[PDB]
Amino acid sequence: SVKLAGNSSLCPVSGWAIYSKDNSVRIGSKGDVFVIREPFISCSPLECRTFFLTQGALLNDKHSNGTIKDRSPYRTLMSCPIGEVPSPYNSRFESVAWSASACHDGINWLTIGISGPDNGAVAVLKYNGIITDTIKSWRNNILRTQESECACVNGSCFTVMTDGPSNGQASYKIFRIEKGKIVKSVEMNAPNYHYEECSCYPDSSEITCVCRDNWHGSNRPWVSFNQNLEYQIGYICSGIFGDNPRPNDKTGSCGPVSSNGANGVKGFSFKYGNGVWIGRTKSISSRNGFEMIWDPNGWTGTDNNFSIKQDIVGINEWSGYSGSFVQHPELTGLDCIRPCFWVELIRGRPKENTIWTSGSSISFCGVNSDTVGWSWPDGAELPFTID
């Protein structure tokens, strides 16, 4: 058992090979599958797991009623092996949580689960399943975190939390954590920026996070930092806008793009020099479809030209959240940190006539060998018996 180094660069990639699909909603029409949202993937040196926030209910049961609701005392962070359906019969219990993160440092799992009231929520940190720290709301307004993996470098792991308005200026903090204990934190000095639900990854010993501006940006904000929490901030400049909703692609901005900027969806992007791999919905206005775009000057350049598009989910199918996950050389035997991603395929409310809201998932890993675009949607037939 050895700590992940995290000092190699992100592997450069030409396209995305399909890695998993769980078919959760299809299966849960009969089987005992949790109602879940906010799923994400994270890997140890030996395996990759799907983490998710349950609603303490199963699909096609009456207790799935009203699961559009985000925060309750019933929600729990749990995990299962990647590509398996999240069931009570195969899921590890992690934490009581309505917002979460998790990541493996090479030795043990760090889990962060936030529960409690909106006006004083508390993040519970566990290392190897034992409580190691807590941190309470500092603005008394829905303390919340990534909904995807934290990122680890040489025994220290890193995340971002937000507290404050989801429709205005809020407060954003970066944390360094070692063996589940917070050792350092800093508040980002980011007036006029908005950060939610960061997708953070390690690359050459430093952390890069691509987040969601829910206030006034249809491009994605980013924050990057070293192990000392010395940070930089910006927005992705590309006119290939990354949030949902958004406008049609046009000349972008290196600050927040106000057009269609309110509200958003969790997402991710991978930075390679001045270029970027952008994952986004296909629809500008709704959580439909998914695609990967390689824009070789899109981190810093404002044009709407790009070089590669790969289809992931068709424009007439439901998509949802997405996030980064990485596979370190300790797991793969490669000489670089492999980028992967997942997509949550959200079914039910508000778009469909059900009593419930739940998701399934798909995931892909970056390669330099041949790939293909297609559509790998959820596939369940709604409504269900319970509806």
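One-based numbering along the sequence shown.
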**Asked** Should the higher mean CA B-factor in the entry be assigned to 200-208 or to 251-259?
**Response** 251-259
**Asked** So among 340, 58, 46, 41, who wins on Cα B-factor in the entry?
**Response** 46
**Message:** Highest recorded C-alpha temperature factor, please, choosing from 307, 269, 76, 159.
**Reply:** 307
**Asked** C-alpha B factor of residue 27, ranked within the chain: lowest, middle or highest third?
**Response** lowest
**Message:** Which third, lowest, middle or highest, does the C-alpha temperature factor of residue 366 belong to within its own chain?
**Reply:** middle
**Request:** Sort the modelled residues of this chain by their C-alpha B factor and say whether residue 224 lands in the lowest, middle or highest third.
**Result:** middle
**Fill in**
Chain-relative C-alpha B factor for residue 179 (record values, thirds): the highest
**Relative C-alpha B-factor of residue 287, binned into the chain's lowest, middle or highest third** = middle
